[PDB]
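Read through the structure below, which is laid out as structure tokens, and then see the notes.
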Amino acid sequence: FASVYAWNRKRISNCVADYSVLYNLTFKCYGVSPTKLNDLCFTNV
Amino acid sequence: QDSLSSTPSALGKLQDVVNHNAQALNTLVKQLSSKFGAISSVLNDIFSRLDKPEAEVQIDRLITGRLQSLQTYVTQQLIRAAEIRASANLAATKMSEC
Amino acid sequence: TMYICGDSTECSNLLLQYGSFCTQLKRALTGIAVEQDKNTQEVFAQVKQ
Amino acid sequence: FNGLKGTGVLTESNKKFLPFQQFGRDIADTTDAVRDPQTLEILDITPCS
Amino acid sequence: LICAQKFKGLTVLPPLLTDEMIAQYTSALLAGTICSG
């Protein structure tokens, strides 16, 4: 992992977002519910 | 015919009745786009993005604002109706006496 | 009910908790509508012949 | 449609969407037209009778 | 715009007396006024 002073950004696009694994394994969502991410679409992540 | 034809304002008294009611309905529709502090004016996404108890809060704002709009519309219609009733009564009097 | 909640079933149910506001609004508009026809007949329908 | 949810009748649209536009809205800021994500056909959305 | 309002639950109700019926009342009044004062 990158240092906090030099945080690293990875782009996610053109894919199917399966969030079950993240639930399966701190998890706070703002403006969105963690149990409804399975049925949303985004222009970028 | 010449007096009426060449004077667009001659029938303003009747055109205003049409315009006032048409505007009232268009205003009532436009108010739907207002959020009243809510995150969205669209109920369906508020349900899709937020959880149950969270969506309920955002919706209560929208319901309250929209109930306030409908009540305003009706109040103004009652006031306008009173004015038109008086005019109709005058017209009926003139029909009898003139 | 349509004006406020559209096609949302959940909103339609939440709206039922806000009282009789909708009943009052519907009878106010109904009363006006009837009056408008009364006004017309008072002015024009002054002949039985 | 791509996350957008609602009830209504889907018909063929005559609205010439620009190559980059995905949806349109009415005077109340409510979607009344969408681009189909697979066929790119434009559809109009109206309330059911 | 009538449909835009119809799709928001705002509608318009017809009059009981149509324009033709109000024309008939007017014609009756005129016929009376001229021929019998």
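Any read-out appearing in this document is the output of simple, stated calculations on the displayed coordinates, not a laboratory observation. Reconstructed Cβ throughout: ideal geometry from the backbone, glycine too, with neighbour counts over all protein chains shown.
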Note to self: Exactly one of these conditions fails for C:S8: (1) facing chain E (nearest Cβ under 10 Å); (2) small (G, A, S); (3) more than 30 Å from E:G32 (Cα to Cα). Give me its number.
What the structure shows: (1)
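Within the range C:27-46, does at least one residue satisfy the condition of being assigned to a loop (DSSP other than H, G, I, E, B) and over 18 Å from the mean Cα position of the chain (by Cα)?
yes
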Note to self: Restricting to the range C:17-26, name every residue that is under 18 Å from the mean Cα position of the chain (by Cα), part of a helix (DSSP H, G or I) and more than 7 Å from every other protein chain (Cβ to nearest Cβ).
What the structure shows: C:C22, C:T23, C:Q24, C:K26
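Of the residues that sit in the range D:11-46 and are more than 14 Å from chain B (Cβ to nearest Cβ), among the aliphatic types (A, V, I, L, M) and surrounded by 13 or more Cβ atoms within 10 Å (Cβ to Cβ), which one is nearest to C:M2 (Cα to Cα)?
Filtering the range D:11-46 down to residues more than 14 Å from chain B (Cβ to nearest Cβ) leaves D:11-22, D:24, D:33, D:35-44, D:46.
If we keep only those that are among the aliphatic types (A, V, I, L, M) as well, we get D:18, D:33, D:40, D:42-43.
Those left that are additionally surrounded by 13 or more Cβ atoms within 10 Å (Cβ to Cβ): D:33, D:42-43.
Working: D:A33: 20, D:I42: 26, D:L43: 23 Å.
The extreme case among them is D:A33.
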Next item on the list: Find the residue count for the range B:25-46, including only residues that are over 14 Å from D:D26 (Cβ atoms), within 8 Å of chain D (Cβ to nearest Cβ) and assigned to a loop (DSSP other than H, G, I, E, B).
Entry: 0
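Could you please find all residues in the range D:1-26 being of a type in the set (K, R) and more than 22 Å from B:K30 (Cβ to Cβ)? Before you say what the answer is, go through the steps one by one.
Taking the range D:1-26 and keeping what is of a type in the set (K, R), we get D:5, D:15-16, D:25.
Of everything in the range D:1-26, those that are of a type in the set (K, R) and more than 22 Å from B:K30 (Cβ to Cβ) turn out to be D:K5, D:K16.
Among the residues in the range B:5-22, are any facing another protein chain (nearest Cβ under 10 Å) and surrounded by 12 or more Cβ atoms within 10 Å (Cβ to Cβ)? Break it down into steps so the answer makes sense when it comes.
Within the range B:5-22, the first condition is being facing another protein chain (nearest Cβ under 10 Å), and the residues that meet it are B:21-22.
If we keep only those that are surrounded by 12 or more Cβ atoms within 10 Å (Cβ to Cβ) too, we end up with B:21-22.
Yes, some residue in the range B:5-22 is facing another protein chain (nearest Cβ under 10 Å) and surrounded by 12 or more Cβ atoms within 10 Å (Cβ to Cβ).
Please tell me if B:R61 is assigned to a helix (DSSP H, G or I), closer than 30 Å to A:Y30 by Cα and touching a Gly at 6+ places or on another chain (Cβ under 9 Å). Working first, answer last.
Details: assigned to a helix (DSSP H, G or I): yes; closer than 30 Å to A:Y30 by Cα: yes; touching a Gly at 6+ places or on another chain (Cβ under 9 Å): yes.
It is true that B:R61 is assigned to a helix (DSSP H, G or I), closer than 30 Å to A:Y30 by Cα and touching a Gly at 6+ places or on another chain (Cβ under 9 Å).
Report, by residue number, each residue of the range B:77-98 that is more than 8 Å from chain C (Cβ to nearest Cβ), loosely packed, with under 13 Cβ neighbours inside 10 Å and either polar (S, T, N, Q) or part of a helix (DSSP H, G or I) (or both).
B:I79, B:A82, B:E83, B:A86, B:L90, B:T93, B:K94, B:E97
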